[PDB]
Amino acid sequence: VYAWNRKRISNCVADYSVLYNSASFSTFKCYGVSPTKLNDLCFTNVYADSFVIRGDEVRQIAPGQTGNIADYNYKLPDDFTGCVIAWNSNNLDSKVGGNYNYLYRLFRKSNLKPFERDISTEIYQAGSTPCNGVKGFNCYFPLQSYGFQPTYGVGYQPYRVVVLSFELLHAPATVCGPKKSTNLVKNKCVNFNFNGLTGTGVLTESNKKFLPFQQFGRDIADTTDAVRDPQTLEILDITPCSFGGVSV
Amino acid sequence: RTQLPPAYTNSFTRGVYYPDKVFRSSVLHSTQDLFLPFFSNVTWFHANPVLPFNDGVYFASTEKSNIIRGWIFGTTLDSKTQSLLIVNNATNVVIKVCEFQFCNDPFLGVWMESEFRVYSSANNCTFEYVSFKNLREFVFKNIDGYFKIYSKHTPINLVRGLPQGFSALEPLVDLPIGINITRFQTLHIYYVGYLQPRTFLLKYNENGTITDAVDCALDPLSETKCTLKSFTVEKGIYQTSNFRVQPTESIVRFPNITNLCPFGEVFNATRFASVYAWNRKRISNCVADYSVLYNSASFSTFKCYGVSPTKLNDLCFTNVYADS
Amino acid sequence: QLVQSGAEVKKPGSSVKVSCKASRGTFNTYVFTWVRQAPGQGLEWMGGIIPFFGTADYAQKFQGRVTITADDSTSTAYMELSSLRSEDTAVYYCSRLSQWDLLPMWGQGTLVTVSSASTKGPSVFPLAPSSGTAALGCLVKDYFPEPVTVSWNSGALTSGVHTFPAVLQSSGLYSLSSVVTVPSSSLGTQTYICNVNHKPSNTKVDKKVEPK
Amino acid sequence: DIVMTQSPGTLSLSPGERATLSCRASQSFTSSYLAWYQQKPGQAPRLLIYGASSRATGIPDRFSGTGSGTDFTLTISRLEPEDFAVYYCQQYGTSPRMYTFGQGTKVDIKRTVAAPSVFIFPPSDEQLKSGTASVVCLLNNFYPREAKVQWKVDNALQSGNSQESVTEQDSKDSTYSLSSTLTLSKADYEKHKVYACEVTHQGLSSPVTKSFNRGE
Ligand SMILES: *[C@@H]1O[C@H](CO[C@@H]2O[C@@H](C)[C@@H](O)[C@@H](O)[C@@H]2O)[C@@H](O[C@@H]2O[C@H](CO)[C@@H](O[C@@H]3O[C@H](CO)[C@@H](O)[C@H](O)[C@@H]3O)[C@H](O)[C@H]2NC(C)=O)[C@H](O)[C@H]1NC(C)=O
Ligand SMILES: *[C@@H]1O[C@H](CO)[C@@H](O)[C@H](O)[C@H]1NC(C)=O
Ligand SMILES: *[C@@H]1O[C@H](CO)[C@@H](O)[C@H](O)[C@H]1NC(C)=O
Ligand SMILES: *[C@@H]1O[C@H](CO)[C@@H](O)[C@H](O)[C@H]1NC(C)=O
């Protein structure tokens, strides 16, 4: 857990109905997004963080939470936009003699910042005496070993926990859902959808001068007025179709 | 090994970069971010110590043949921690992130380059990427474990100091290195400023390029410009902000309390009374910690209503009733 | 689980400062007490302090000579006793009582000695039997420091052997007696040799007891 | 203050029996608590009952404690060979001034009253060459441990010039041994001829005096 593995995913199509449909996941909780709408969406990158913790520690994995694991091992930002999945690993990560492979940090000079990983093995100094790399009283090893035996209760049974964090910056989308790209239509009131940015407008070829790193042209009212077609890098405006009063 | 003493210079108007990758035209947007303060005291060097990184650094260098070829970032610049090395050689911008035991005198020789002696070790690599006359300016910052690098190259004819002009700084790179960077150093074959959390009023021209900006916290005129969302201020009197004297210090005053609350007799007691006869104890005239109880996980349930345990240690009460 | 200072040996009239180190920030909220016990004597409470308040209470006997302080930076409570005397040679303990449990912990103990210190070999004196069963022994006198191992006939004779615990002299050295009762007929028909070994002085004395 | 009295001073019960100790306080514990501790010779004190009614970790269930007000009772349902040691009752609480102890109670194997075997050893000639004379008085295999030894030199009582060492209860006969050493200068030893020690013990109907003459 203190060495939670991190994987970066981009430039690939990913479904998300497959995971949700399967019931093998004990915990499947999304924040800032819902699994039902997750299929038809795009993101700039996906970061998957994988680790193992006991069931009682599962509550520590959530935005704005506190705890030993939360404070010293794996911290989530308050603005987390992603899904936490977790399932029981007692069937595999439990030894009759005690599974000591997995270790959790127990002491740190401060609470871990979100998405900050440390694997320091220096002996923690709990007192004024400088612990010169020698274990002893008030000189505690930073990590501690889980028991993780089959005989233990569910609250201590090991669990595999994955945290998928989708980051959607103002950059071209590289992880999209299992949705095909239709054919573009211009100069007509249509229900467009660019990288999951829905809306209704009349897509028209524009004379705006986008920069290479720009994707959305915002408006005074924070309404996406100009967009960059991902398949063909041209800039298209978005004008509301038409409206007005109907006097009689 | 000899190093030139550092000088100082005026920052003028440099340090204006697109805070976002969103196109805006002819709108006076307002932003709050880590900017280079206008008219700041920028350190000046000549061709290299270990400069602290703090919270984002603006780098500038006047070059004509790419004399400065890269930068190094890191906390201790040793094998104990991770570090980042960037080298812009010819047409390749090689960026790497590993644990390097950097050489005390990094050297790059040349025209054909064949000498590259910067680090003595490289272990546990995590990322790699490959891409006077010219003033090259860069902005490096680390926010939420993300390293952002903005750049801008301009044609100049001067060596005295930072030119008295205005220009934008386009982004180049954003990476998830997630490194606690507190120190950095350039690489020889310049000027350095430190960012601060300011508020700017950027002006986007017709083609979405910044042309002028106003540092709202600089001086009253700039603050009035920001309040009015304009650059031209007509004769008059405008209310800009509010002025409040900040507290000088902190005062904590509690009574002449001397004892410790006997909470042992209601928690560690050998036996507990029946629920219909719930035992009650009044606690008064004593001092009791509360982080100690919540630090111990032996409690199956610990739910506070109307108060939070963290804010419970620093608080006073008339009497505390413990019902067991 | 407290950690105290190591065993100390001091001259008479000096002062000894015994520490008691506490783990983590569990220092101020608890109550520390210093209690001493002389060898072969009962438990004698000395004092008690609360680091959060800093006021230390002392037993009426120990008023003046002893003083109890506490430092939060090192999370250690110290008790310093001045004008040390031989009567102060005792085992001291620090007991910490918590706010939420009536379970007073104890330190491992610290031995404090106040007397003349030297590395001297024991003097073995054969206490001859008085002229059915008679007793004969050996006096191990004037040795320092502890311990000494006394056997009879190099350990062959064990029946009836009583090796009394050493008693400290007013001179700072130890006196011990190791006796054995044997039938009066065996006094002259069996040679008894008491072997006394002193590892700190590395002295081995084999003294033969002869009836008078 | 608060005064703690333990009764009996020394409890002599055989293993397998039921042991009872009483701790009486001069004043009730309005905001304090009591604890029972066990200590063995050459070993640090061990806490047995905390809060006066709760057994510490690892304590056998045979130990229990009750009481209130100014009187408390420690009970052992079954007595074991490992259970024969010294016992103390300590009153303690949050306030540091509430920290006092009892004088202590000793638990020993009950045994028939054994009359001490009294022996007297004159100082060895080798010790006399050193300028000091040590007269030794041995009480071998006596029970109970309580005994009184008085040194008499020429029918003069000696006080403050003798040291006594007492062994623990024997593991075979459940008896005790005592050794009293009377130390004198060589000149003083030569100033007197008759040296004796009188032992008063429960196993002796009358005190037994063992005497010797300097030179014989
Ligand atoms: C009175 O209190 C003591 C100790 O008090 C302890 O510390 C306080 C600050 C609070 O947090 C208390 O909740 C806490 O108990 C109790 O002794 C304790 O007993 C428990 C029994 O479950 C012991 O737990 C054990 O822990 C080990 C791992 O160290 C496990 O392997 C065991 O299976 C078991 O769970 C605990 O170690 C022990 N603590 C001490 C210091 O001895 C005592 O039970 C309590 N009595 C009453 C009547 O409340
Ligand atoms: C995307 O693929 C199509 C067909 O493979 C191709 O015509 C189009 O040019 C591609 N897009 C870009 C930006 O190259
Ligand atoms: C910069 O700082 C130096 C001393 O650190 C000072 O002498 C100089 O006047 C400063 N320059 C400006 C423009 O404030
Ligand atoms: C914007 O682009 C047009 C296109 O030629 C150019 O004529 C004009 O000068 C540009 N203006 C600015 C402010 O960049």
- [ ] Could you pull out every one of the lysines with an alpha carbon less than 19 Å from that of residue C:10, ignoring same-chain neighbours closer than 8 positions?
- [x] C:120
Task: Separation between Cα centres of region C:75-99 and region C:142-191, rounded to whole Å - done: 34
Task: 10 Å Cβ shell holding at most 12 others, DSSP loop, trypsin sites (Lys or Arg not before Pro): longest site-free stretch of chain D - done: D:19-171
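By average Cβ neighbour count within 10 Å, what is the ranking of A:218-225, A:138-145 from highest down?
Ranking, from highest mean packing down: A:138-145, A:218-225.
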TODO: With only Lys, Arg, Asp and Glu charged, each at its Cβ (+1 for the first two, -1 for the last two), find how big the charge dipole of chain B is about the Cα centre; round to the nearest 20 debye.
DONE: 400
TODO: Please name whichever of A:198, B:68, A:38 sits farthest to the positive end of the charge dipole of the protein assembly as shown, dipole taken about the Cα centre and charges placed at Cβ: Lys and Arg +1, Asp and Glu -1.
DONE: B:68
Task: Listed peptides C:201-208, C:184-191, B:143-150 by packing density, highest first (mean Cβ within 10 Å) - done: B:143-150, C:201-208, C:184-191
Task: Whole-Hz couplings from phi, Karplus 6.51/-1.76/1.60, listed for region B:235-248; x for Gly and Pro - done: 4, x, 10, 10, 7, 9, 8, 10, 10, 9, 5, 6, x, 6
Task: Free-standing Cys residues across chain A, given no other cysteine C-beta under 4.7 angstrom - done: A:12
- [ ] Report the net charge of residues surrounding residue A:50, where surrounding means a beta-carbon distance below 13 angstrom and charges are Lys +1, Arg +1, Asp -1, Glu -1.
- [x] +3
Task: Helix-only CD estimate at 222 nm, as mean residue ellipticity for the protein assembly as shown, using -39500 (n - 2.57) per DSSP H run (n ≥ 4) - done: -1000 deg cm²/dmol
Open item on the list: For C:139, D:178, D:204, which order do you get if you count the other beta carbons within 10 Å of each Cβ and list the fewest first?
Closed with: D:204, D:178, C:139
TODO: Just need log10 I(q)/I(0) for region B:7-244 at q = 0.16, 0.17 Å⁻¹, Debye formula, equal scatterers on the alpha-carbon atoms, no solvent, rounded to two decimals.
DONE: -1.20, -1.32
Task: Neighbourhood net charge (14 Å Cβ-Cβ; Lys/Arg +1, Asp/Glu -1) for residue D:143 - done: 0
Task: Rounded to the nearest 20 debye, dipole of the protein assembly as shown from Cβ charges on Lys, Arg, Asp, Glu - done: 400
Task: Calculated log₁₀ intensity ratio I(q)/I(0) where the Debye formula runs over C-alpha points of the protein assembly as shown, q = 0.05, 0.07, 0.09 Å⁻¹ - done: -0.56, -0.87, -1.14
- [ ] Please give the net charge around residue A:198, taking every other residue with its beta carbon less than 13 angstrom from that of residue A:198, where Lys and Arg add +1 and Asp and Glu add -1.
- [x] +1
Open item on the list: Per-residue counts of other Cβ atoms within 10 Å, averaged by peptide: what ranking do you get for A:86-97, B:302-313, B:201-212, highest first?
Closed with: B:201-212, A:86-97, B:302-313
Open item on the list: Output wanted: per-residue J couplings in Hz (rounded whole) for region A:50-59, from phi through Karplus 6.51 cos²θ - 1.76 cosθ + 1.60, θ = phi - 60°, x for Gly and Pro.
Closed with: 10, 7, 10, 8, 6, x, 4, 7, 4, 4
- [ ] Summarise the partner chain shielding of B:242-255 as one whole number: the mean count of Cβ atoms from other chains within 10 Å of each residue's Cβ.
- [x] 0
Task: From phi via Karplus (6.51, -1.76, 1.60), per-residue ³J(HN,Hα) for region C:177-192 in Hz, x at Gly/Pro - done: 10, 10, 10, 7, 9, 9, x, 4, 5, 8, 5, x, 9, 8, 7, 9
TODO: Mind checking which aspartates and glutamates have their Cα closer than 20 Å to the Cα of residue B:225? Skip sequence neighbours fewer than 8 apart in that chain.
DONE: B:33, B:212, B:215, B:234
Open item on the list: Counting only other chains, and only Cβ atoms inside 10 Å, what mean value do you get across the residues of C:106-113?
Closed with: 1
- [ ] Could you pull out every residue, at least 5 positions away or on a different chain, whose amide H is within less than 5 Å of the one on residue A:103? Hs are placed 1.01 Å off N in the peptide plane, and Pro or chain starts have none.
- [x] A:2
Open item on the list: Regarding chain D, what's the average projected area of the Cα-atom convex hull, expressed in nm²?
Closed with: 15.3
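I'd like the mean, over residues of A:127-133, of how many other protein chain beta carbons sit within 10 Å of each residue's own Cβ.
Mean shielding by partner chains, rounded to a whole number: 3.
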- [ ] Mind checking which of B:257, B:91, B:181 is farthest towards the positive end of the protein assembly as shown's charge dipole, using Cβ charges of +1 (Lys, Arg) and -1 (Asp, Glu) about the Cα centre?
- [x] B:257
- [ ] Pairs to check: B:80/B:152; A:7/B:148; C:141/D:40; D:106/D:172; A:37/A:209; A:29/B:21. Give those whose C-alpha atoms are more than 24 Å from each other in this structure.
- [x] B:80/B:152; C:141/D:40; A:37/A:209; A:29/B:21
Open item on the list: Using a Cα-Cα cut-off of under 17 Å, which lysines could be cross-linked to residue D:210, ignoring same-chain neighbours fewer than 8 residues away?
Closed with: C:212, D:148, D:152, D:193
Task: Ascending count of other beta-carbon atoms within 10 Å, so fewest first, for C:68, A:53 - done: A:53, C:68
- [ ] Taking Cβ-Cβ under 4.7 Å as the only way to count a partner, pick out the unpartnered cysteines of chain B.
- [x] B:103, B:304, B:316
Task: Sorted by Cβ neighbour density within 10 Å, fewest at the top, the residues D:4, B:112 - done: B:112, D:4
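Every number here is computed from the coordinates shown, using simple stated rules; none is lab data. FYI the Cβ positions are ideal-geometry reconstructions off the backbone, even for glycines, and counts take in every protein chain you see.
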